[PDB]
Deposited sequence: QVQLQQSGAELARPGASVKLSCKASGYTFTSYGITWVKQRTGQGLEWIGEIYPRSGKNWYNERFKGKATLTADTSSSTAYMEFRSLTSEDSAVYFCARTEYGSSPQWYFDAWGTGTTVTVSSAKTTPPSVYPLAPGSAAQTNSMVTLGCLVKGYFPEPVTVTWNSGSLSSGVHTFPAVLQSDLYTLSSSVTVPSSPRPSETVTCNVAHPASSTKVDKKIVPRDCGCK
């Protein structure tokens, strides 16, 4: 089983540097190459460069030569990519992948790694402010989770007893913080008669909040 385990999500400040890890297992590390691909959330892939661990020889995309540096440690079967002078444009998911090799590098990648999410920001760990959202047969309620950093948060409704008719929207960046929203739809008889509560947790700040949706 080919496997490329990538380090945890990196959080760096602008102008700082980061070094991503890519530990390989399930095959002979020195028999293949390791490329790195950039993927900004919601769009295509971008090739960064290549390294051949057995010899250390590396190829680069001209766009990343000064910013990225590819190394590898055959003793630990780990590939590294160091980024310098980080900017908001560098925030993305970074994959490592194993490259096919024969009589020469083939430059297509048959095994991809976990994926490391890099966030370039100066924000500090901030807990969310959870705000209820209140206004026929159905009733739609909401839960506004605003001003937290970093990702992620978890959201449930009545401790999970409300699972159908629920969907949470992706977080957006608002004032260098994250803002999220969750929607729950229940029959109009259950509420306002029977309480509806949104359970929000922000593991990074070690905060839990339960906000009851009150009618106006």
Relative to the deposited sequence, which regions have no modelled C-alpha positions in the structure? 136 to 141, 223 to 227
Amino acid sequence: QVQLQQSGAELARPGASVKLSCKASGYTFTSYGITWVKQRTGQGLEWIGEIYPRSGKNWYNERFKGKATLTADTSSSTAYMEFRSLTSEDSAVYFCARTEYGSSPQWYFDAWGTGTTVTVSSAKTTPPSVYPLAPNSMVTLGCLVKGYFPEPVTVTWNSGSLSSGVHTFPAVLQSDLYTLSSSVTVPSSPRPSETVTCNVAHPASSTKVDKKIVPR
From here on, numbers count along this sequence of modelled residues.
Hey, which bit's got the bigger mean C-alpha B factor in the entry, 149 to 157 or 57 to 65? 57 to 65
Would you mind comparing 140 to 148 and 92 to 100 for me and telling me which has the higher average C-alpha temperature factor in the entry? 140 to 148
Maximum C-alpha temperature factor per the entry, among 179, 39, 183, 30, belongs to which one? 30
Member of 132, 105, 115, 128 with the greatest C-alpha B factor (per the PDB record): 115
Lowest, middle or highest third of the chain for the C-alpha temperature factor of residue 190? highest
Residue 49: CA B-factor among chain residues, third -> lowest
What third of its chain, lowest, middle or highest, does the C-alpha temperature factor of residue 18 fall into? highest
Test of reading the entry: by CA B factor among the chain's modelled residues, which third contains residue 200? lowest
Record-listed C-alpha B factor of residue 81: chain third: middle
